Amino acid sequence: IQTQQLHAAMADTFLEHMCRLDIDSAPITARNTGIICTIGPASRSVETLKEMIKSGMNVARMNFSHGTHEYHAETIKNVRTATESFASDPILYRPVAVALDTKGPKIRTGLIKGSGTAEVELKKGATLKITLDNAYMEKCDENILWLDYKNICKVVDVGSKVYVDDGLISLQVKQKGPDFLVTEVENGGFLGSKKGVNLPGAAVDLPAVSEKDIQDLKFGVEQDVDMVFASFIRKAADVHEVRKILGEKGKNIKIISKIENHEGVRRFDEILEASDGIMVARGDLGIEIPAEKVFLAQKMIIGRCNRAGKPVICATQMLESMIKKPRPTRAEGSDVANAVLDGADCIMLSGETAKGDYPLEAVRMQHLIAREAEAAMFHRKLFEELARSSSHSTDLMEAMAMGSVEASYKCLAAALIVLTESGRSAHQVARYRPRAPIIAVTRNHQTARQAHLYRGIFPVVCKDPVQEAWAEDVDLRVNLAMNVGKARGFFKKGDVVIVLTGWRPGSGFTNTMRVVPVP
Amino acid sequence: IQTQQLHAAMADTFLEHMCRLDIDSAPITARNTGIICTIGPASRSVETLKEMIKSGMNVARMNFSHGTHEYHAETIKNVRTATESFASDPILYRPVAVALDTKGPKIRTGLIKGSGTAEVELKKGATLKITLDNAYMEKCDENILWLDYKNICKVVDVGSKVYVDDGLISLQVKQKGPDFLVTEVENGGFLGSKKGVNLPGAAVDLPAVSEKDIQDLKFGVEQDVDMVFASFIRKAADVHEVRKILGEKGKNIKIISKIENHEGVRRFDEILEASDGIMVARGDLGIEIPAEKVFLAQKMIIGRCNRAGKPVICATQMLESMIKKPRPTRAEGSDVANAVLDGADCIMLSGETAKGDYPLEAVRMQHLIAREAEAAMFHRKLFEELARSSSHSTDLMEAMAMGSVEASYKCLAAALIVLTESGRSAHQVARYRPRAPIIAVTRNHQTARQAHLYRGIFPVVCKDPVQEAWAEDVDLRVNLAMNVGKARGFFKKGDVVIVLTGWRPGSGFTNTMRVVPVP
Amino acid sequence: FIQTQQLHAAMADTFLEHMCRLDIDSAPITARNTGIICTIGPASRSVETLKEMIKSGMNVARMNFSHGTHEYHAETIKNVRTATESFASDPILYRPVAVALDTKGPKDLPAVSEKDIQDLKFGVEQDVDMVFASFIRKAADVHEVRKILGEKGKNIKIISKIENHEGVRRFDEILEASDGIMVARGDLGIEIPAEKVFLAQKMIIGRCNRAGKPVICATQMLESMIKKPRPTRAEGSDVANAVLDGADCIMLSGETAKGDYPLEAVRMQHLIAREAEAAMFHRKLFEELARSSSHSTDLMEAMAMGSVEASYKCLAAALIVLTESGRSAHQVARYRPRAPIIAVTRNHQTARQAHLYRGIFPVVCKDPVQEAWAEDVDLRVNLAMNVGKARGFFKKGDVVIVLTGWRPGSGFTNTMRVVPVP
Amino acid sequence: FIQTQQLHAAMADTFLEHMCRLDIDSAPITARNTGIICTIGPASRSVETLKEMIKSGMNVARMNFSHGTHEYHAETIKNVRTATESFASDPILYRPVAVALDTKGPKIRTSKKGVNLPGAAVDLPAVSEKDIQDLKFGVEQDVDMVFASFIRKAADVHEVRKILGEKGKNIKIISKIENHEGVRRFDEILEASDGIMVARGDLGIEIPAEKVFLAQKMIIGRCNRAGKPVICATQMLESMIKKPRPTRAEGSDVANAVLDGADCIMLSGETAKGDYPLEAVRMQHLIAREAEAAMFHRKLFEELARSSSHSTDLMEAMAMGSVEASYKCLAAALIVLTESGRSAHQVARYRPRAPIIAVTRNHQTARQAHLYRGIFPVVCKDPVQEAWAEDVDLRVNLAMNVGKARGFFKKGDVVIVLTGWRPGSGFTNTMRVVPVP
Ligand SMILES: O=C([O-])C(=O)[O-]
Ligand SMILES: O=C([O-])C(=O)[O-]
Ligand SMILES: O=C([O-])C(=O)[O-]
Ligand SMILES: O=C([O-])C(=O)[O-]
Ligand SMILES: [Mg+2]
Ligand SMILES: [Mg+2]
Ligand SMILES: [Mg+2]
Ligand SMILES: [Mg+2]
């Protein structure tokens, strides 16, 4: 039985491809999908972070929805300590990226009239007036409810729906006022204090970057974060504002736009054009749109991201049950596998690593499933279709990337080696989805850290000084890649690899491709 | 905005098809994937079952792992009471099938020494003797463990793994003895009394049908069940053995083989050939094989069943969290949607409807997700690949089915109407996956109930007597389907349907196809 | 042993493997789907020669009005009709033959000259089945020909001849206006660089296939056979590749009009057509035609696609189509089954014009309309059974697709059946 | 506003839409990939006419030993070589010309026309005594290839191979398929042969004429599948023996033979004895260029890759990667440094639309490369530089200057360059996207 689902790889049709999937066809060692871990109480100690790295974590995510600057600064310090605890061995060292996830725009209710812990009950068909009057800020009850969104009246019409407490309660706008809305309770429940509010189908005019977000983005520039996950992006202008706040000092920080509501989906193309990558933020997205539609948006977005060559992250509740249990449900294994088959560059753990009981098991399981689904991709068709989608472009590096990936298919190369400094050459190789891993050797540490955003890039930091003879400097980096690959078990002596390098020191991309045996 | 993802339907490639999935494209009313609900304490009252039927239940599953014959007979009687409560209106009556799911062969440990309610701790790296000596049957502990599987020594080698308590505990056979096993605790835990044992990769020679199973199968025959879900099917002989047990009285009862371990997967083709259908029983399957591999087996199995035209069920933990919560996780919505896209004819609920707090919510969510994913199928490609896969067959009924489905694609027919008595004509239409629903009108009540196993067959019982004039009998049955379709909102006057009928009373299949406007 | 009709190649996954599987020992079927159009002139206008030309496979007779008086072509047409009707006693074996008038056209010139107007009116008076309109340059020329044919010739199919650069560049509007197209390669090869003709040919056939409108490939197909009894290798190749391109009909000009070997030329076109028809890649072609027409949801198109699909699946020996305007049969032929289409009609002009469509074998039912709709439908369906058995298309126990109207007022064949041959 | 070289049709999703987009106003490129093979005879064997034949595009000269003495054909070959070398002073513009020997094979003669017996068990030998003498004469004359008439089985090919023996071991054997048995036993014949000719003259008599195209498309397909050269021959422009312009069926035939995938097309009487040999060569050159652009390269590449997917050969990987890159960036050429020819052959099998400039120091490699679609061979006569990189750069720049001189590309255009990394590299393991200097 061939490894890596290669029998299924040879199928003519997608049906026969599916039919040939073999549970006894062992995957390869290398795992191409990036794993993004939300760091929290369960995972922010240095020792646990070392174990997260060993288990497969590639990006550490700090959710600034909560936590002080001091707290997240400590977390980032602990991440970097754990990461550098491995730095003595350049051949085993794994770059770990650092991501800042902004709090973004939020709509919150007031305090329920009473002592605290108090609740009111909303019965279907009842009347509830929403009021912006700060006089009712702490006197919410069954008849009057205050929320912090001063402009809500301008963005809602009669009959539009208002969700409260993460969609648990739904309201329909019956009458509209200047500083109030009169609504009928469509779906009822018990309402507590300071709950989340969502406005499905509305063009929310809250600022793209709030005052807290500006402070947090400047903090992230100060802490040398590799990338920002920007919340509730509804339009390209929101990305532009985030970019302006990051400004010239943070020009190289990768901006990942989070798609979280209907407008972000409807305007997704302009957002994608303006972004460096995308996160499918399925939790809030499933509150804003019918949950049964989320997969449509997920697949659309991953497809379009794959088309543009831009990183896409699938996030939220992928292994939810592992917050409390050491093993995932069958639905969760299926969700991770199908996100990989969809084409997600990275998959994410939220509560599973922030606060749950089994963060390391969660990371390890995402790693195992990811390797299995990577082999099960139908690469020949995927490659043909990606090439068809990008055919209006005649970019020279895409030509080399496509030629190199084709060569890697034809001779079943064990890896592609890419010498890169901005990372773009490796990015363009990853875009055309080879099955073999991409060992990207770079002297730019931030390039290495950001590379985790691209499917299949295993970044290696070259710390050697520049060799005077360009050819010998190239051979140095290629041999670094050979040794890393041998140590990680991706290939051995006598295997075949594709090597992408620059012809001369002034070559602006890897314009040179070779089939080389491993020494 | 085109409905039913028809814009994505027109794409040239799978990538572009995915890129065109649009959350604002509304699905049709008809829902094709069958929903199989496990009935238990949370759902067996007559009134709740009426709600189950209205919310979308097509098959009632009785899990005979537990429950007395009296309990399940009462449950089945309540299912039939609820079902017949709609029978006064033939146009609104919905056939509801009744399925018996056998307990099957099981390996169980002994009682923990003392009360029996005690537990002992199995420490990783510790040693554990498995024993067949009935003296330790009730004196199980941390050092010695008794199993009721007398032949285990015959089917296990040194280095084999033994899982205990639903995979929570893992043992590796270090030394093999005459009536015992010396094992190392690879994965530890607290071992209670009388827990399940699994033997990954082992050819378990327990009987296909246990002593309990024979009694339960005869009980199901007396109860006039439409179908049996036969547990732990490992090979064709097991399906035959079950078929023999069902005998002459149960010759028309459909046998659905549950693939639950490695051997059933490895020997899947012969099992498929011998069965009427297949269940991807992901729970036990994920205990027997690495959970990260279950999706492979799922897609392979669904593909192969789709290839053969035989019903396939996806089962277990699809909406697991809904046992305790009123809405599913995003991983669960993804799981259901991808099961439908895989091509599963039916999706299943177990604890979610048997015992959970939100059974009706689970049914409703499966129904909504199924409709959205059905629209998102890539019908043109699926049809081409199914046809290519079956191209060595020149069967006349397949020819009629493919022509009818092709015509239904071309003119966007609102439905296909198929007059059938054995069901085979409707089965062959459903096999070639039209997007429009299949209204199968039959005088055979059992055919109507069993048709629920096939994607898209909406079965309708004709209770009228046979008309002397064949043409008038045909028109009677066709108008019944038209009236059901209008009442269910599947089409209205002026829409177009495909109608498949027999030319004369002696036609052995629907050899006549028409494109008809809805009156 | 060896599958017939290039069916082994039919099962191929790629076009390359389809080529690699072409087997000179895989026998074609008896039926020949590509229409044969013969220019009649001195070598072929006698009643006896025309009888043998029908028997050899001529389906359409073309009168080239570049030269000749009305009296001369009138007599040619009379002899055509005499030879044709000599077979009319046997309705099972009678073969309808269409009569086509090819206008002289421009020889800054107007689309339709004064001579051309008189000739077109003559064609109306002569009851021609179709007009081949020379040097069509734009849709307006087609509209002129249509107005000149007027109400009396409103049923005369207008086949525009694409003969220069402008006609190619403006081909889409011409095709929209036309009932069909001829790739008139003689003049086209002079008006545009000869080495580009194949591009034009392949483009035009493709677009006509996309539309379901008849396309004729014409001129010098078997040129050397004017003076020689056997074709050159390039000429056999040219006929075969014109069939593979998708031509509904292939044409003979001097080869039958004035050459020494008219019958041999017709027979050679018949043989090559039959072999090339089997060598088509039907699965991909059907998929690509369906893809191209998917914005249409027409009901008869759906019936045609479903019936062609069913005929592929069960390898039906034929599709039997009951039709009066021909449209039902035209829609079936458009989706290119490999099996012959036996179109039974009571409209004689319909039967004659059906030759413009690949695979339509027209059969004129002469019995009177039966009182019961079901019995009249069986009458025409059994007419087709008897024709197919007599012509060697099928025998008892074979499977045929049968397309009929359900009830008397059906506006198309809305009923499809898979039927055993009696 | 109108793409060249049928690039709009190149973007189609289906074969049908690819046909519908074929555009007579889309200009083809200057380079012509299909090799042109000319039979030399009384109408064309003079040194001056042969110069004009080279300039019109003749790539291979064919000596038909059905008639003529050794001395006569020796003189024809001598004149070919004189005409060819008259251009050798300029290595940038020198065009290698291959010499081919076409054996007489079995014949039946009666005034003394040939006789054909379809379906007869002709007892004639595979290789006659005259055939043996002519093959040895070809070895003595340093012919680049042999067209072996009437091969019926692999054993016939093996006989010709043995007769050529060790002294002629590099002479390419092109089996001529011209009767039913050769078609039926084609797979073993292809395996044993270096290439194939579809000898449609004899084939159209030995099998029913209406079946010839079936054989032609089958054979070209299988030869394309194997990467072995296939020639389409006989009566492609027959009417041009006596007329200055071809018939429509003849233009169609040449164009469809290129579309089928034939590496070469041939002229026999049209150049051997006809009144318009130069015109026949020029007509094939023009039609080839138009049909070459009209190929459906994307589907063709997918299907060739699919049929060869069981191979993981490294040079195949380089060729497929280089051709894929040449499609993506619309490169004007692929430059291939080769000595045996194998690397360039492997590129040619995967059918780029851009021309393949094969730079070699092996003169016979250069002459034989004309059997492969798109290989424009260039003879490097410079001495070997001491530094490998400098020698590679020297040959690559020779190719640059050739492409600039021939109008294939200009400064600032993009080319794919296939070279060996080190002198002992056994194939072109190095690919670059390079700007033209
Ligand atoms: O905001 C998020 O991260 C989400 O909802 O997934
Ligand atoms: O039996 C089942 O349903 C299972 O294990 O999934
Ligand atoms: O008129 C014609 O038939 C032509 O020019 O080919
Ligand atoms: O020998 C040949 O070239 C032929 O037969 O065509
Ligand atoms: Mg959010
Ligand atoms: Mg189970
Ligand atoms: Mg003309
Ligand atoms: Mg010969």
# chains A, B, ... in the order shown; residues from 1 in each chain; ligands from 1
call {"tool": "interface_residues", "arguments": {"of": "chain D", "to": "chain A", "cutoff": "10 Å", "atoms": "only C-alpha atoms", "output": "compact mmCIF listing (two decimals) with N, CA and C atoms, in the first residue's frame"}}
result
# COMPACT_ATOMS: atom_id res chain seq x y z
N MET D 11 -6.91 29.99 -23.80
CA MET D 11 -7.51 30.08 -22.47
C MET D 11 -8.82 29.30 -22.29
N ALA D 12 -9.32 28.61 -23.31
CA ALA D 12 -10.63 27.97 -23.22
C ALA D 12 -10.67 26.88 -22.15
N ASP D 13 -11.88 26.61 -21.63
CA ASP D 13 -12.09 25.55 -20.66
C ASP D 13 -12.35 24.19 -21.31
N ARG D 298 -2.79 23.49 -23.14
CA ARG D 298 -3.07 23.18 -21.74
C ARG D 298 -3.65 21.78 -21.59
N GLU D 302 -1.78 18.42 -19.95
CA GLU D 302 -2.41 17.62 -18.90
C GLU D 302 -2.49 16.15 -19.30
N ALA D 305 1.00 14.44 -19.43
CA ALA D 305 1.45 14.21 -18.06
C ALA D 305 0.69 13.05 -17.43
N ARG D 306 -0.63 12.99 -17.64
CA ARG D 306 -1.41 11.90 -17.07
C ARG D 306 -0.95 10.55 -17.61
N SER D 308 1.87 9.60 -18.65
CA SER D 308 3.24 9.28 -18.26
C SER D 308 3.44 9.33 -16.76
N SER D 309 2.35 9.44 -15.98
CA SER D 309 2.45 9.70 -14.55
C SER D 309 3.06 8.54 -13.77
N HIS D 310 3.12 7.34 -14.34
CA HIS D 310 3.78 6.25 -13.64
C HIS D 310 5.30 6.40 -13.63
N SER D 311 5.86 7.19 -14.54
CA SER D 311 7.28 7.53 -14.51
C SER D 311 7.54 8.67 -13.54
N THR D 312 8.65 8.56 -12.79
CA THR D 312 9.13 9.64 -11.94
C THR D 312 10.50 10.12 -12.40
N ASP D 313 10.82 9.91 -13.68
CA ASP D 313 12.13 10.28 -14.21
C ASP D 313 12.45 11.75 -13.94
N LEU D 314 13.71 12.01 -13.57
CA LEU D 314 14.11 13.33 -13.13
C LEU D 314 14.14 14.32 -14.29
N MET D 315 14.65 13.89 -15.45
CA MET D 315 14.66 14.78 -16.60
C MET D 315 13.24 15.05 -17.10
N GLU D 316 12.35 14.05 -17.02
CA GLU D 316 10.94 14.32 -17.28
C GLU D 316 10.42 15.40 -16.34
N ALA D 317 10.78 15.32 -15.06
CA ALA D 317 10.35 16.35 -14.12
C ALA D 317 10.87 17.71 -14.53
N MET D 318 12.15 17.80 -14.91
CA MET D 318 12.69 19.07 -15.38
C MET D 318 11.95 19.57 -16.62
N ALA D 319 11.66 18.66 -17.57
CA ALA D 319 11.00 19.07 -18.80
C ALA D 319 9.60 19.57 -18.51
N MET D 320 8.84 18.82 -17.70
CA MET D 320 7.48 19.24 -17.38
C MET D 320 7.47 20.55 -16.61
N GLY D 321 8.37 20.71 -15.63
CA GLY D 321 8.45 21.97 -14.91
C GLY D 321 8.81 23.13 -15.82
N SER D 322 9.76 22.92 -16.74
CA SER D 322 10.19 23.98 -17.64
C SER D 322 9.09 24.36 -18.62
N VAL D 323 8.39 23.36 -19.17
CA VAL D 323 7.26 23.62 -20.07
C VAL D 323 6.13 24.33 -19.34
N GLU D 324 5.82 23.89 -18.11
CA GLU D 324 4.81 24.56 -17.31
C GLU D 324 5.16 26.02 -17.08
N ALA D 325 6.42 26.28 -16.71
CA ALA D 325 6.87 27.65 -16.53
C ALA D 325 6.77 28.43 -17.84
N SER D 326 7.11 27.79 -18.97
CA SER D 326 7.07 28.49 -20.25
C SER D 326 5.65 28.87 -20.63
N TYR D 327 4.66 28.05 -20.27
CA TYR D 327 3.27 28.47 -20.43
C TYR D 327 2.93 29.65 -19.54
N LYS D 328 3.32 29.57 -18.26
CA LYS D 328 2.83 30.55 -17.29
C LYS D 328 3.28 31.96 -17.63
N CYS D 329 4.55 32.13 -18.01
CA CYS D 329 5.09 33.46 -18.26
C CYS D 329 5.21 33.78 -19.75
N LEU D 330 4.55 33.00 -20.60
CA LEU D 330 4.56 33.20 -22.05
C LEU D 330 5.98 33.46 -22.55
N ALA D 331 6.89 32.58 -22.12
CA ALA D 331 8.28 32.65 -22.56
C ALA D 331 8.39 32.50 -24.08
N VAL D 414 11.49 36.95 -22.23
CA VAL D 414 11.73 35.92 -21.23
C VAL D 414 11.95 34.57 -21.91
N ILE D 416 13.09 30.30 -20.93
CA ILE D 416 13.44 29.23 -19.99
C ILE D 416 14.75 28.61 -20.44
N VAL D 417 15.69 28.47 -19.51
CA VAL D 417 17.02 27.96 -19.83
C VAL D 417 17.26 26.70 -19.02
N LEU D 418 17.58 25.62 -19.72
CA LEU D 418 17.82 24.32 -19.11
C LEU D 418 19.28 23.95 -19.31
N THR D 419 20.01 23.79 -18.21
CA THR D 419 21.44 23.54 -18.27
C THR D 419 21.79 22.55 -17.17
N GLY D 420 23.01 22.01 -17.27
CA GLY D 420 23.54 21.15 -16.22
C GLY D 420 24.26 21.98 -15.17
N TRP D 421 24.04 21.60 -13.91
CA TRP D 421 24.64 22.34 -12.80
C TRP D 421 26.15 22.19 -12.79
N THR D 428 19.88 17.97 -17.89
CA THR D 428 19.69 19.37 -17.49
C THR D 428 18.90 19.40 -16.18
N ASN D 429 19.62 19.46 -15.06
CA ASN D 429 19.02 19.52 -13.74
C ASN D 429 18.86 20.95 -13.25
N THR D 430 19.07 21.93 -14.12
CA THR D 430 19.03 23.34 -13.73
C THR D 430 18.11 24.09 -14.68
N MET D 431 17.10 24.75 -14.13
CA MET D 431 16.17 25.56 -14.90
C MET D 431 16.15 27.01 -14.42
N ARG D 432 16.19 27.94 -15.37
CA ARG D 432 16.12 29.35 -15.04
C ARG D 432 15.13 30.07 -15.95
N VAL D 433 14.44 31.05 -15.37
CA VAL D 433 13.72 32.06 -16.12
C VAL D 433 14.68 33.23 -16.29
N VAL D 434 15.03 33.53 -17.54
CA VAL D 434 16.14 34.44 -17.84
C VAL D 434 15.66 35.52 -18.80
call {"tool": "residues_around", "arguments": {"residues": "residue 292 in chain D", "least_positions_apart": "3", "cutoff": "9 Å", "atoms": "only C-alpha atoms", "output": "mmCIF file with N, CA and C atoms, in the first residue's frame"}}
result
data_model
loop_
_atom_site.group_PDB
_atom_site.id
_atom_site.type_symbol
_atom_site.label_atom_id
_atom_site.label_comp_id
_atom_site.auth_asym_id
_atom_site.auth_seq_id
_atom_site.Cartn_x
_atom_site.Cartn_y
_atom_site.Cartn_z
ATOM 1 N N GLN D 5 -1.002 34.221 -31.726
ATOM 2 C CA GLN D 5 -0.780 32.773 -31.584
ATOM 3 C C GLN D 5 -1.944 32.059 -30.889
ATOM 4 N N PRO D 28 0.243 34.040 -36.012
ATOM 5 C CA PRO D 28 1.112 33.035 -35.395
ATOM 6 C C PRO D 28 2.479 33.629 -35.118
ATOM 7 N N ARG D 32 8.697 28.045 -36.258
ATOM 8 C CA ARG D 32 7.876 26.962 -36.786
ATOM 9 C C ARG D 32 8.380 25.656 -36.191
ATOM 10 N N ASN D 33 7.522 24.977 -35.436
ATOM 11 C CA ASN D 33 7.991 23.850 -34.642
ATOM 12 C C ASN D 33 7.969 22.525 -35.392
ATOM 13 N N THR D 34 7.071 22.344 -36.355
ATOM 14 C CA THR D 34 6.949 21.047 -37.007
ATOM 15 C C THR D 34 8.050 20.875 -38.038
ATOM 16 N N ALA D 255 -2.658 20.827 -41.736
ATOM 17 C CA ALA D 255 -3.010 21.449 -40.464
ATOM 18 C C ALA D 255 -3.459 20.403 -39.452
ATOM 19 N N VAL D 258 -0.537 18.406 -38.037
ATOM 20 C CA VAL D 258 0.120 19.141 -36.955
ATOM 21 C C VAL D 258 -0.730 19.105 -35.684
ATOM 22 N N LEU D 259 -2.048 19.298 -35.817
ATOM 23 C CA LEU D 259 -2.934 19.261 -34.652
ATOM 24 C C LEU D 259 -2.952 17.881 -33.992
ATOM 25 N N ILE D 287 1.424 26.614 -43.056
ATOM 26 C CA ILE D 287 0.329 25.895 -42.406
ATOM 27 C C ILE D 287 0.759 25.403 -41.031
ATOM 28 N N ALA D 288 1.973 24.853 -40.935
ATOM 29 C CA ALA D 288 2.477 24.372 -39.657
ATOM 30 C C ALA D 288 2.426 25.472 -38.607
ATOM 31 N N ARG D 289 2.966 26.651 -38.927
ATOM 32 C CA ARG D 289 2.913 27.741 -37.952
ATOM 33 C C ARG D 289 1.483 28.061 -37.533
ATOM 34 N N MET D 295 -3.058 24.604 -31.539
ATOM 35 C CA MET D 295 -3.126 23.482 -30.616
ATOM 36 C C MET D 295 -3.709 23.941 -29.287
ATOM 37 N N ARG D 353 4.569 25.701 -26.435
ATOM 38 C CA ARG D 353 4.271 26.435 -27.657
ATOM 39 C C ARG D 353 5.495 27.213 -28.126
#
call {"tool": "residues_around", "arguments": {"residues": "range 201-204 of chain C", "least_positions_apart": "2", "cutoff": "10 Å", "atoms": "only C-alpha atoms", "output": "MDAnalysis selection string"}}
result
(chainID C and resid 162 168 171:172 175 181:185 188 196:199 206:210 215:218 241:242 244:247) or (chainID D and resid 16:24 252)
call {"tool": "atom_distance", "arguments": {"atom1": "CA of residue 223 in chain B", "atom2": "CA of residue 76 in chain B"}}
result
8.1 Å
call {"tool": "select_by_dssp", "arguments": {"residues": "range 198-261 of chain B", "states": "alpha helix (DSSP H)", "output": "PyMOL selection string"}}
result
chain B and resi 211-222+236-246
call {"tool": "atom_distance", "arguments": {"atom1": "CA of residue 507 in chain A", "atom2": "CA of residue 449 in chain A"}}
result
23.2 Å
call {"tool": "residues_around", "arguments": {"residues": "residue 285 in chain A", "least_positions_apart": "3", "cutoff": "7 Å", "atoms": "only C-alpha atoms", "output": "PyMOL selection string"}}
result
chain A and resi 260-261+281-282+288-289+294
call {"tool": "interface_residues", "arguments": {"of": "chain C", "to": "chain B", "cutoff": "6 Å", "atoms": "only C-alpha atoms", "output": "list in words"}}
result
residues 297, 302, 303, 306, 307, 309, 310, 313, 314, 414, 415, 416, 417 and 418 of chain C
call {"tool": "residues_around", "arguments": {"residues": "residue 30 in chain D", "least_positions_apart": "4", "cutoff": "10 Å", "atoms": "only C-alpha atoms", "output": "PyMOL selection string"}}
result
chain D and resi 5+286+289+355+406-409
call {"tool": "residues_near_ligand", "arguments": {"ligand": "ligand 5", "cutoff": "12 Å", "atoms": "only C-alpha atoms and all ligand atoms", "output": "VMD selection string"}}
result
chain A and resid 63 to 65 101 to 107 166 196 to 198 229 to 233 257 to 261 279 to 288 315 to 316 350
call {"tool": "interface_residues", "arguments": {"of": "chain C", "to": "chain D", "cutoff": "7 Å", "atoms": "only C-alpha atoms", "output": "ChimeraX atom specification"}}
result
/C:14,16,19-24,185,195-196,198-200,202-204,206-207,220-221,232-238,271-272,275,288
call {"tool": "residues_near_ligand", "arguments": {"ligand": "ligand 4", "cutoff": "10 Å", "atoms": "only C-alpha atoms and all ligand atoms", "output": "count of residues only"}}
result
34
call {"tool": "residues_around", "arguments": {"residues": "range 317-323 of chain C", "least_positions_apart": "5", "cutoff": "8 Å", "atoms": "only C-alpha atoms", "output": "JSON list (two decimals) with C-alpha atoms, in the first residue's frame"}}
result
[["chain", "number", "residue", "atom", "x", "y", "z"],
["C", 307, "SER", "CA", -32.69, 10.93, -24.52],
["C", 311, "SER", "CA", -29.00, 6.22, -25.61],
["C", 328, "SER", "CA", -37.72, 17.81, -31.94],
["C", 329, "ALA", "CA", -35.37, 15.80, -34.15],
["C", 339, "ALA", "CA", -26.92, 6.16, -32.78],
["C", 340, "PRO", "CA", -28.92, 7.15, -35.88],
["C", 341, "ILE", "CA", -32.02, 9.29, -35.44],
["C", 342, "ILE", "CA", -35.02, 7.88, -37.33],
["C", 343, "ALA", "CA", -37.30, 10.92, -37.64],
["C", 344, "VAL", "CA", -40.81, 9.93, -38.76],
["C", 345, "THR", "CA", -42.82, 12.84, -40.18],
["C", 377, "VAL", "CA", -48.27, 7.21, -32.60],
["C", 380, "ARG", "CA", -45.42, 6.00, -36.95],
["C", 381, "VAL", "CA", -43.22, 4.25, -34.36],
["C", 384, "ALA", "CA", -39.56, 3.48, -37.86],
["C", 393, "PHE", "CA", -29.78, -0.40, -38.21],
["C", 394, "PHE", "CA", -31.16, -2.88, -35.68],
["C", 398, "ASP", "CA", -32.29, -4.38, -29.79],
["C", 399, "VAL", "CA", -33.00, -1.29, -27.68],
["C", 400, "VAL", "CA", -34.15, 2.02, -29.15],
["C", 401, "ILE", "CA", -35.00, 5.37, -27.59],
["C", 402, "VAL", "CA", -38.48, 6.50, -28.70],
["C", 403, "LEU", "CA", -39.59, 10.15, -28.50],
["C", 404, "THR", "CA", -43.28, 10.95, -29.00],
["C", 405, "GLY", "CA", -45.99, 13.38, -27.95],
["C", 412, "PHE", "CA", -42.94, 18.73, -28.87],
["C", 413, "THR", "CA", -41.82, 15.18, -28.07]]
call {"tool": "atom_distance", "arguments": {"atom1": "CA of residue 143 in chain D", "atom2": "CA of residue 189 in chain D"}}
result
21.5 Å
call {"tool": "residues_around", "arguments": {"residues": "residue 459 in chain B", "least_positions_apart": "6", "cutoff": "6 Å", "atoms": "only C-alpha atoms", "output": "ChimeraX atom specification"}}
result
/B:439-440,448
call {"tool": "write_last_selection", "arguments": {"atoms": "N, CA and C atoms", "output": "compact mmCIF listing (two decimals), in the first residue's frame"}}
result
# COMPACT_ATOMS: atom_id res chain seq x y z
N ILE B 439 -40.17 12.52 -5.71
CA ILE B 439 -41.44 12.09 -5.12
C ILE B 439 -41.76 10.71 -5.68
N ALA B 440 -41.58 9.68 -4.87
CA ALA B 440 -41.80 8.30 -5.27
C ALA B 440 -43.17 7.88 -4.74
N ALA B 448 -42.41 2.42 0.71
CA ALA B 448 -42.44 3.83 1.09
C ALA B 448 -41.53 4.09 2.28
